[PDB]
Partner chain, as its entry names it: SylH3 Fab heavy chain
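A lone chain, given as structure tokens: the form deposited without the partner chain.
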């Protein structure tokens, strides 16, 4: 068998609050900061990144480069040849993390505002550290079906599962590139876990903190995993009448299996 060919796609890189990895002001001098910016729909190079086979991420022929290996320093654009090559190498993980192998630090957006300077931080699997290479500048709106065929629904600040109904906007969830799950009625709020301990009731809270408790991944086995805690989304005691969705260790019983519908 031939080894799979490794292509070099050209994509945008979407992250916190759906903003795009952006080379500030379209300037390409060495050291110019990379930022979050509203996603464009044109062919401007400063938001289109080439994922090359040498694990470098390039816009307009120059590399996405970390300034240093300490948590807190910013990420810039730079000549791929004249920069420290270890500072230009990046791994893109299936769980949404973009890591620099030399430093083990993670591309992050410590603020959710337009123009935020991108930095490298210690991995805590937060929303501020979630990314997705794509050309889709909008999140995917979906219904989440779970135990007994019921649908996840949001009311005020609470979340539970009720009978499915197409006209219920409170049952529509937008899956953002940063790993957060947000109610369609209020894209400023997130499916949030209070603590990293078991049987913590999940709520609907503001995405402001962009915390580890607000980042989720749909696993191949049907579970919705909170990466930092390692706990999964659980219909407590398999009883929807409790109106409690919680974090709980993975065990695979039907009260932990979900499915995103279109």
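Positions refer to the first chain, counted from 1.
Another form, the form solved in complex with the partner chain, is not on view; read the next lines as being about it.
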item: Any non-hydrogen atom of residue 228 within 4.5 angstroms of the partner chain in the deposited bound form; value: no
item: Partner contact for residue 115 in the deposited bound form: the partner chain, 4.5 angstroms, heavy atom; value: yes
item: Residue contact check: residue 123 to the partner chain in the deposited bound form, 4.5 Å heavy atom; value: no
item: Exercise: residue 28 in contact with the partner chain in the deposited bound form, heavy atom 4.5 Å; value: no
item: Position in contact with the partner chain when the complex is considered in the deposited bound form, options 103, 189, 85, 111, heavy atoms within 4.5 Å; value: 111
item: Contact residue in the deposited bound form, from 45, 204, 33, 39 (heavy atom within 4.5 Å of the partner chain); value: 33
item: Any residue of 63-89 that, in the deposited bound form, places a heavy atom within 4.5 Å of the partner chain; value: 74
